[PDB]
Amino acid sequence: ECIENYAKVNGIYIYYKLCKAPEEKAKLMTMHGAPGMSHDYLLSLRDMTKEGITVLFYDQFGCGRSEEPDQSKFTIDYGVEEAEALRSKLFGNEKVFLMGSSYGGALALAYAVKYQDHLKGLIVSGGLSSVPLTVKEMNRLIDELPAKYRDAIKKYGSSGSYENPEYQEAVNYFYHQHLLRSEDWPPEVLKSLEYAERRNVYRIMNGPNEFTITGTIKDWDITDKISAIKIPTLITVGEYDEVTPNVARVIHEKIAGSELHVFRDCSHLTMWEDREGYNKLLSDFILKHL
């Protein structure tokens, strides 16, 4: 069991779990992202503590166990200031590594652009620098789905009938194909998904589901700013990832010296489909840049 607490960061109380390693060779901060509205689905990275890598988990504002601030603060920029306040409060002036998953990756990209001086490295897994590009790419995935499921999405989706039984069925199929492929969904994942359908941030910022984005960040795009990131960067993405490897390619091209890895047979939550290989790829990256 790691250390858990409820600290006041940037105005509201945030929950965090710091899993220290016997020998702290490095510190790693993690940022979850939709559809997973909590750190729970990222606990599989706890294994790295055996490589001398301390891992910090926490629930961002309005998510998981953390309290919800005002709606006017449901922005990526706000999330950036929150992360910096937490990092400083726990590690002071120590430079740490930052890993981001899904929309947490987009958050990690925004953070790096303004605070890269506090990072020794950046890790983006299934992340993105543009929402419009992510939505465009996810629309292609829909058309690649078998007729039955594809027609359910387009039909009931065009009228906003998200409660439709066949619509819900297609969504489940889509996720089991681009979220967590050929694998038994672990409790950690079900927990993070449950938080999404319970809180408000998801619906407000994102929308009904992954391929149906209508929230306040549907226009978010810092592709013309990530080139300013000049630190060792690792980018991972799955072959069948809901956030296509074409989206990752864009990030890989704006960030000089970045490394791109496309995991075959895997999707979005690659840390559960290839737990050993994933953790081994990240730890090796971390240990090479102390």
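Just count from 1 along the sequence shown to find any residue number.
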Given 226 to 234 and 27 to 35, the range whose Cα B-factors average higher in the PDB entry: 27 to 35
Higher-B stretch (mean Cα B-factor, as the entry records it), 141 to 149 or 78 to 86: 141 to 149
Deposited CA B-factor, highest of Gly157, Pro208, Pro132, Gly104: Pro208
Options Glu188, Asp117, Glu169, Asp219 - largest CA temperature factor per the record: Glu169
Record-listed C-alpha B factor of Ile213: chain third: highest
Record-listed C-alpha B factor of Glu273: chain third: lowest
Chain-relative CA temperature factor third for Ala7: highest
Among modelled residues of the same chain, the CA temperature factor third for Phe97: lowest
Among modelled residues of the same chain, the CA temperature factor third for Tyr175: middle
